[PDB]
Amino acid sequence: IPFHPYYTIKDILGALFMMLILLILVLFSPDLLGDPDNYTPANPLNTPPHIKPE
Amino acid sequence: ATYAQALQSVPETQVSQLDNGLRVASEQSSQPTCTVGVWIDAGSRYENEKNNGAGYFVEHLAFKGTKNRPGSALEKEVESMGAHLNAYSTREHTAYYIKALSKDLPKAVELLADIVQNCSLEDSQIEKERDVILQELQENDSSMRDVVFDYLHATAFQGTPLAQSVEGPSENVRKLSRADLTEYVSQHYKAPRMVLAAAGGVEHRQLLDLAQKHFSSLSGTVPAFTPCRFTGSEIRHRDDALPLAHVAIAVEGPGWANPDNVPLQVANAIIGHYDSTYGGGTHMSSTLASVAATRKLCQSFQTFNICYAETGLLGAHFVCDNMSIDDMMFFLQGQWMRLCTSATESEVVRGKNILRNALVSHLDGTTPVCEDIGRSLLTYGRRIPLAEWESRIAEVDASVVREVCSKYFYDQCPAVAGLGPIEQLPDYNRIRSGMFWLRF
């Protein structure tokens, strides 16, 4: 099938759903997937009790 | 003789009406020949699913022997006096016309009275004709034009009698018996649904006397069809072995009534027609045809105006290779919306002249005149004089063409029928998108 009449709108719907999820994360729990320890000046003389990546 | 005087000088079509309901009509001329024939309102549109194909069958059997004239004896008459007997059955009309000499009208009408009233329907002859119709169906299967047009009809009027083909399915052809044929002829070949047209050197009073002497004992003083529905669809009979790809795209057009036909034809005259073996090529005023000749996109294309009693199909049919269907769909839709949004005046004048030539030159010779008489008394209810056609064409201008094309073309769901290597053919969504312009 041609890409335009079908998959453009299908990917538009997918993009809208991803935007919905991303906006949920940003507007309601912005620091859900974020370590609170990041909100602290980087002091080289004191390690966090737990060190983990994202 | 400044054209208009010539149009006035055309003799008129006198119309009478027998007590049985036979609409006897005649156009008198000075030629020593004539074409007389009855047009009946039978056809596939009035045929149910089981009866589909009975009209074609009875038309086949009509000439092969009557009651009074047994078998080839009837034919023995037609050739003996030089007459040419011919027939044709459309989806809504049927006709048997006999070309003859002006001095053979008394006999020819008699033969016609035998053909439509005292038919034979011989069972052995039915058996001989069944395989003939089957082989004719097989021959038509190779007719990539007729097949495409039947596909268009089926996919446009799906679920309605208009979708049925003239010949009907082979299943019905083999199933049909003599009882169905005689019931069909007794139900549809009624006197009020018949018109005895006769063009050429026949005097109307002589025709009236002949009809009253022969067609008197017809039916006294009922399938009246159902309004069919247009359904924008598409059929893709993808068959890459076929050399070319026939495509036909249509929209619900007007009927025999609805004077919008006259402007609409003009629009079609603007698009015109073209094929490989044409003349000027990349010079003809039609932008579609000029582009086709410039880039050799196709081998043929046409604009039809198939219009039935209550509805009709308006659109185009083009024959091109597998690698150029998308380009011609693009250009055809572009021309349609160019006419729809800005038709200009000069192209309208050219269309008016082309339509004038079509109507005038088509109505030459006794056969086209008689056919026009018979078809007009059935569809329009009156033989429209050429002067009225001239006036109606004259009233058409740029604004009228733009308005009527907007009514019938702009933002309408079309019916598509493609056959052959039609892989390139854009999906129906792309076609429907082409049926509307974002710029406008």
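All of the numbers you see were taken from the coordinates with simple rules; none came from a lab. Reconstructed Cβ throughout: ideal geometry from the backbone, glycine too, with neighbour counts over all protein chains shown.
Observations on the model:
- Here the dipole of the protein assembly as shown is about 800 debye; that uses its Cα centre as origin and unit charges on the Cβ of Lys and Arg (positive) and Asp and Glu (negative).
- Computed FRET value (nearest 0.05) for A:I12 with B:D327, which takes r as the C-beta separation and R₀ as 22 Å: 0.20
- Under the simplified labelling scheme, the B:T344-B:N140 pair shows an inter-label distance of 4.2 nm, with each label point 7 Å from Cα along Cα→Cβ.
- Taking every alpha-carbon pair under 8 Å whose residues sit at least 6 apart, region B:278-329 reaches a relative contact order of 28 percent.
- Net charge in the neighbourhood of B:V78 (other residues with Cβ under 14 Å of its Cβ; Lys, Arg +1, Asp, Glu -1) is -1.
- For region B:376-402 versus region B:22-37, the inter-centroid distance based on Cα atoms is 23 Å.
- On the beta carbon distance between B:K175 and B:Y88, with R0 = 22 Å, the FRET formula returns roughly 0.35.
- Region B:319-365: C-alpha gyration tensor shape, a/c 1.5 cut-off, then a/b vs b/c: oblate
- Unsatisfied cross-links (Cα-Cα over 29 Å) in the set B:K190/B:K352; B:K103/B:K352; B:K50/B:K407; B:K64/B:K190; B:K190/B:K407: B:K190/B:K352; B:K103/B:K352; B:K50/B:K407; B:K190/B:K407
- Rounded FRET efficiency, nearest 0.05, which uses the C-beta distance separating A:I1 from A:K52 and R0 of 41 Å: 0.35
- Rounded Å value of the spacing that divides the Cα centres of region B:267-333 and chain A: 55
- Note that region B:52-65 has calculated 3J(HN,Hα) couplings of 4, x, 5, x, 4, 5, 5, 5, 4, 6, 4, 7, 8, x Hz, one per residue in order, obtained from phi through the Karplus relation 6.51 cos²θ - 1.76 cosθ + 1.60 (θ = phi - 60°); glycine and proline are x.
- Simple label model, 7 Å out from Cα along Cβ direction - B:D239 to B:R205, nm: 5.8
- Rounded to the nearest 20, the size of the Cβ-charge dipole of region B:1-104 about its Cα centre is 220 debye, with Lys and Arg at +1 and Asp and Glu at -1.
- Between region B:174-191 and region B:193-248, the alpha-carbon center distance in angstrom: 17
- Counted charge near B:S89, where neighbours are those whose Cβ lies closer than 10 Å (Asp, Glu -1; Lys, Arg +1): -2
- Label-zone membership for region B:1-26, site B:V360, 7 angstrom Cα→C-beta point, backbone N under 13 Å: B:1-10
- In range of the label at B:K128: residues from region B:68-97 whose backbone nitrogen is under 11 Å from the point 7 Å along Cα→Cβ: B:71-73
- Interchain or long-range residues, amide H under 5 Å from B:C320's placed H: B:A245, B:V247, B:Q299
- Taking amide H as placed 1.01 Å from N in the peptide plane, the amide H of B:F304 sits under 5 Å from that of B:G315, B:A316, B:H317, each at least 5 places away or on another chain.
- Between B:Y278 and B:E49, the distance separating the two model label sites (each 7 Å from Cα on the Cα→Cβ line) works out to 4.3 nm.
- Between 0 and 90°, nearest 10: helix A:9-28 axis offset from chain A longest Cα axis: 30
- Amide H contacts of B:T66: B:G71, B:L74, each under 5 Å away and 5 or more positions distant or on a separate chain (H built 1.01 Å from N in the peptide plane; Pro and chain starts excluded).
- Each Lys and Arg Cβ is given +1 and each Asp and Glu Cβ -1; about its Cα centre, region B:276-431 then shows a dipole of about 200 debye.
- Formal net charge of residues neighbouring B:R338 (Cβ-Cβ distance under 13 Å; K, R +1; D, E -1): +1
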